[PDB]
Ligand SMILES: N[C@@H](CCC(=O)N[C@@H](CS)C(=O)NCC(=O)O)C(=O)O
Ligand SMILES: N[C@@H](CCC(=O)N[C@@H](CS)C(=O)NCC(=O)O)C(=O)O
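Protein chains in written order, with full-length UniProt numbering: chain A, 2 to 224; chain B, 2 to 224.
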């Protein structure tokens with residue numbers, strides 16, 4: 002039984018889980034809980050961080066004793082699963098578009114993370130006003146790149162379609178208004194939400210839209 | 002004639018340039034300068050940013066009219082060049098270790114960037130203290146992973162060796178002391194610095210260890 006380990010957060014792990022659900026691959030979900038308020042300690046992880054044989058101990062991690070796989074980097078994990086299930090590029094031309102979108106998606110995660118995890122309230126407002134300036138342009142870039150395609154690379158679904166759903170959804174829940182004039186991307190999310198196994202996943206009583214981030218974060222973090 | 006476009010900083014562009022020098026590929030370096038103090042305007046870039054036909058306009062970017070390549074994501078760019086010059090994995094097993102190291106290297110960049118660019122003074126101090134706490138453990142992980150290997154993956158150099166060089170060097174310049182319990186990595190930097198074409202590149206009258214970061218940054222922004 003392959004094992005995916007992560008916090009009880011959508012976070013970075015959700016794209017991987019969406020891919021797994023889509024591809025029908027069975028896995029055990031190993032979840033870690035933070036400690037109580039007001040410090041939300043990571044003892045649950047830190048007591049085991051070095052006992053799993055991981056080279057670069059981190060969450061998330063992916064372990065498959067049967068295939069001798071033991072990894073710990075989100076993008077490395079998802080690319081590995083994508084390669085296995087044929088959800089990668091088939092030309093160098095496709096691979097370029099895909100890896101750009103991958104990296105554009107990760108860029109959105111870093112700009113969102115640097116704000117949502119900000120401790121100072123005054124700095125949070127500066128970071129947010131600043132984000133509200135930056136994000137429309139990124140979403141328009143994505144809409145343009147997508148055009149009238151069903152998925153980001155065409156009518157074939159790729160691993161970055163799952164990486165883009167999660168981050169776009171998180172942003173959506175942060176501020177609907179950012180999508181007020183982006184029906185193209187809202188239509189795209191709805192297309193993904195209607196893939197059978199995704200519908201199944203989002204319907205599960207395990208699934209909840211929040212928490213997205215850790216309990217120490219200003220946005221998300223709170224069921 | 003391929004064009005690589007970046008600021009006149011080492012930042013995310015340097016790994017790509019180290020690879021290009023190593024592989025003997027000819028390129029034009031298109032550099033952008035910041036404005037005068039104390040605003041350091043980005044006009045040189047922003048005047049032109051959306052007029053280059055890039056899908057996700059950003060620095061760095063890579064353009065090759067001849068092969069119809071036009072990209073804007075550092076990891077995507079370097080992987081593209083790696084694929085073309087055979088500096089990628091030769092099994093899925095190698096590719097896993099490579100992409101882990103890639104992502105571990107990018108993790109180091111995001112930790113150091115979130116600190117060196119910190120707009121607040123109190124948070125900068127906390128982030129620097131947090132960094133000093135986090136980093137020894139990461140470097141030790143890298144030293145262990147490397148062991149008695151000449152390069153990070155083994156005896157064949159890959160693109161993630163150039164990624165790892167740059168970020169380890171930047172960290173070295175930030176605080177030597179961080180390498181006290183992981184001295185294996187200083188030998189590794191020396192091995193990289195002695196590859197013929199790298200030696201050539203680092204010996205150039207155009208090469209300087211600083212500036213690493215932009216001039217608005219709290220560390221690394223001064224030649
Ligand atoms: N909630 C964040 C991600 C949180 C997360 O996964 N953090 C990781 C670091 S990449 C972690 O806690 N690692 C465990 C450790 O500290 O060793 C998001 O939505 O992007
Ligand atoms: N010097 C920083 C990176 C600085 C950098 O390259 N910034 C990029 C962000 S990807 C930039 O200026 N891009 C913004 C743009 O092109 O508009 C480092 O240590 O890596």
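Quick reminder that beta carbons are idealized off the backbone N, C-alpha and C, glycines included.
Closest residue to residue 126 of chain B among B:113, B:137 and B:138 (Cα-Cα distance): Looking up residue 126 of chain B in the second chain gives position 125. Closest by alpha carbon: B:113.
Collapsed DSSP secondary structure at residue 54 of chain A in the structure displayed: As a first step, residue 54 of chain A is located in the first chain; it is residue number 53 there, counting from the start. If DSSP states are grouped into helix, strand and coil, residue 54 of chain A belongs with coil.
C-alpha gap between residue 18 of chain B and residue 12 of chain B, whole angstroms: Position 17 of the second chain holds residue 18 of chain B. Position 11 of the second chain holds residue 12 of chain B. Spanning the two alpha carbons is a distance of roughly 11 Å.
As assigned by DSSP and simplified to three states, the class of residue 133 of chain B: In the second chain, counting from the first residue as 1, residue 133 of chain B sits at position 132. Residue 133 of chain B: helix per DSSP, three-state reduction.
Inter-residue spacing [alpha-carbon to alpha-carbon] between residue 190 of chain B and residue 4 of chain A: Here residue 190 of chain B is taken as the residue at index 189 of the second chain, counted from 1. Here residue 4 of chain A is taken as the residue at index 3 of the first chain, counted from 1. For residue 190 of chain B and residue 4 of chain A, the distance between alpha carbons rounds to 35 Å.
Helix, strand or coil at residue 70 of chain B according to DSSP, with G and I counted as helix: On the second chain, residue 70 of chain B is found 69 positions in, with the first residue counted as 1. In this structure, residue 70 of chain B counts as strand in the three-state DSSP scheme.
Contact set between residue 5 of chain A and chain B, taken where Cβ atoms lie within less than 7 Å: Within the first chain, residue 5 of chain A is the residue found at index 4, counting from 1. What residue 5 of chain A touches in chain B: nothing, since even the nearest Cβ is about 15 Å away.
Unbroken beta strand (DSSP E) run spanning residue 176 of chain B, endpoints: Counted from its first residue, the second chain places residue 176 of chain B at position 175. That residue, residue 176 of chain B, is in no beta strand (DSSP E); it is neither H nor E in DSSP.
Whether residue 216 of chain B touches residue 41 of chain B by CB criterion (7 Å): Within the second chain, residue 216 of chain B is the residue found at index 215, counting from 1. Within the second chain, residue 41 of chain B is the residue found at index 40, counting from 1. Yes, the pair counts as a contact, with Cβ atoms nearer than the cut-off.
Those runs of the alpha helix (DSSP H) which lie wholly inside the UniProt domain "GST C-terminal" (92-216) of chain A and span at least 4 residues: 93-117, 122-147, 160-175, 184-194 and 197-204
Delimiting residues of the alpha helix (DSSP H) encompassing residue 81 of chain B: On the second chain, position 80 is the one that residue 81 of chain B refers to. 75-86 is the span of the alpha helix (DSSP H), which, as asked, contains residue 81 of chain B.
Contact under 7 Å by Cβ, residue 142 of chain B with residue 57 of chain A: The sequence position of residue 142 of chain B within the second chain is 141, counting from 1. The sequence position of residue 57 of chain A within the first chain is 56, counting from 1. Contact flag set, yes.
Best match in A:174, A:171, A:154 and A:194 for proximity to residue 89 of chain A [C-alpha to C-alpha]: Looking up residue 89 of chain A in the first chain gives position 88. It is A:154.
Proximal residues to residue 45 of chain B (C-beta, below 6 Å), its chain only, five neighbours per side dropped: Counting from one through the second chain, the residue named residue 45 of chain B turns up at place 44. Cβ within range, chain order: 33 and 34.
Contact set for residue 22 of chain B: own chain, Cβ-Cβ below 6 Å, skip 5 residues either direction: Position 21 of the second chain, counting from 1, holds the residue named residue 22 of chain B. Hits under 6 Å: 198 and 202.
7 Å Cβ cutoff, residue 29 of chain B in contact with chain A: By 1-based counting over the second chain, the position of residue 29 of chain B is 28. No, residue 29 of chain B does not count as interfacial toward chain A.
7 Å Cβ cutoff, residue 89 of chain A in contact with chain B: Reading the first chain from its first residue, position 88 is the one you call residue 89 of chain A. False, the Cβ-Cβ gap to chain B never drops below 7 Å.
Under 8 Å by beta carbon: chain A residues contacting residue 142 of chain B: In the second chain, the residue the question calls residue 142 of chain B occupies position 141. The answer, in chain order, is 56, 57 and 58.
Under 7 Å by beta carbon: chain C residues contacting residue 104 of chain B: Looking at the structure shown, chain C is missing, and the protein chains on hand are A and B.
Cβ neighbours of residue 185 of chain B in the same chain (closer than 7 Å, five flanking residues each side left out): By 1-based counting over the second chain, the position of residue 185 of chain B is 184. Result list for residue 185 of chain B: 144 and 147, in chain order.
Between the CA atoms of residue 129 of chain B and residue 188 of chain A - distance to the nearest angstrom: Taking the first chain and counting its residues from 1, one reaches residue 188 of chain A at position 187. Taking the second chain and counting its residues from 1, one reaches residue 129 of chain B at position 128. Residue 188 of chain A and residue 129 of chain B: Cα-Cα distance of roughly 43 Å.
Proximity test, Cβ basis, 7 Å: residue 186 of chain A and chain B: Residue 186 of chain A sits at position 185 when you count from the first residue of the first chain. No, its Cβ sits nowhere closer than 7 Å to a Cβ of chain B.
Cβ shell of residue 110 of chain A (< 7 Å), same chain only, five flanking positions each side left out: To locate residue 110 of chain A, count along the first chain from 1; it is residue 109. Excluding sequence neighbours, residue 110 of chain A sits near 168.
Residue of B:75, B:67, B:85 and B:72 minimising C-alpha distance to residue 24 of chain B: Against the second chain, residue 24 of chain B aligns to sequence position 23. Nearest of B:75, B:67, B:85 and B:72 to residue 24 of chain B, Cα basis: B:85.
Identity of the residue in B:131, B:80 and B:76 nearest residue 104 of chain A by Cα: Reading the first chain from its first residue, position 103 is the one you call residue 104 of chain A. Among B:131, B:80 and B:76, the Cα nearest to that of residue 104 of chain A is on B:76.
Span of the beta strand (DSSP E) around residue 32 of chain B: Against the second chain, residue 32 of chain B aligns to sequence position 31. Segment 29-33, the beta strand (DSSP E) holding residue 32 of chain B.
Residue 10 of chain A Cβ short of 6 Å to ligand 1 heavy atom set: The sequence position of residue 10 of chain A within the first chain is 9, counting from 1. Checking the Cβ of residue 10 of chain A against ligand 1 gives yes.
Local conformation of residue 5 of chain A per DSSP, three classes: Position 4 of the first chain, counted from the first residue, corresponds to residue 5 of chain A. Residue state, collapsed to three classes: strand.
Contact set between residue 81 of chain A and chain B, taken where Cβ atoms lie within less than 9 Å: Residue numbering aside, residue 81 of chain A sits at position 80 when the first chain is read from its first letter. Those are 93, 96, 97 and 100, listed as they occur along chain B.
Of the residues A:159, A:210 and A:82, the one placed nearest residue 97 of chain A, counting alpha carbons only: Mapped onto the first chain, residue 97 of chain A falls at position 96. Taking only the C-alpha atoms, the option nearest residue 97 of chain A is A:159.
Chain A contact for residue 121 of chain B (CB, 7 Å cutoff): The residue labelled residue 121 of chain B in the question sits at position 120 within the second chain. With 7 Å as the cut-off, residue 121 of chain B counts as an interface residue toward chain A.
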